[PDB]
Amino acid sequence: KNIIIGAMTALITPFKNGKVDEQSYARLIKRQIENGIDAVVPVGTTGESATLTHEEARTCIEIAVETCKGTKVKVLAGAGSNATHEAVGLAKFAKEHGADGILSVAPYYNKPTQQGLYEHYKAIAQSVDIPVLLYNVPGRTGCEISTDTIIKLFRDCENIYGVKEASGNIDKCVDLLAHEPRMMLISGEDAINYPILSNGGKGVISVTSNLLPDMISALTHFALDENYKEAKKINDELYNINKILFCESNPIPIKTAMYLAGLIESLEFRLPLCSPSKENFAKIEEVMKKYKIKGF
């Protein structure tokens, strides 16, 4: 199979006066590239995919593809939807606009059955020729992609090569790689990046990497080089910022951190997302001071 692995960043989408700051987005992507990142995930959950227009989503995917031209960094475009015809369309666009692959979150709100999830992803896989990474996050979707469904999808569709797990369930990641050791298991939860990597995972899709791309990039490469002591050490040091970046729902804290770090101008969200509480604002600032944030 063709795969997209390693240290990857779920890119934030900066806003200036309610519009996508295109120069900032492009500017943030280059900062990721220059810090050892292997792939970028535009218009994911951290990128506020739910509140972006279909026209803004295509702009941000094009900025990513165009900023990584001439580099080793791949673009894993977010193209999920809880409507299958909608997800197929997004996957088709992302392919035709130069993305190296698609990240496709499990359907949210409507809670499809395991059979429905199978047909949903099969339709998506039959929609493009680029690699397809599943994304399982039950805390947001209301549903779980079972291990059986993932493995059946892995064996029945050539594009489906692994899963981004954000379920806090190390048991499931043992289950996956013990029955299908060929899949690419990707960490979607920064705090347990090393434990996921140490069991055979081949990359991360990180929130923290928005702020400390070099440290997440270092964590992954130590792990992939089987330097588990160096990987766990970085994992251990990052635990505090990894948890505090979820004091409120992602991406409220990470954008707050970027703003405090002077990496984006203005702390702008799209409703129903909004600035954090005063308490959370101050707590974020406290945790940040214990870490060295790279500039541009």
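Residue indices: 1-based, along the sequence shown.
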item	value
Residue range whose averaged C-alpha B-factor is higher in the record, 86-94 or 146-154	86-94
Stretch with the higher entry mean CA B-factor, where the candidates are 112-120 and 218-226	218-226
Chain-wide C-alpha B factor ranking for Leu260, given as lowest, middle or highest third	highest
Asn235 by Cα B-factor - lowest, middle or highest third of the modelled chain	middle
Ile254 - Cα temperature factor, lowest/middle/highest third of chain	middle
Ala7 - which third its CA temperature factor falls in, relative to the rest of the chain	middle
Within-chain third of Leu52 by Cα B-factor, per the entry	highest
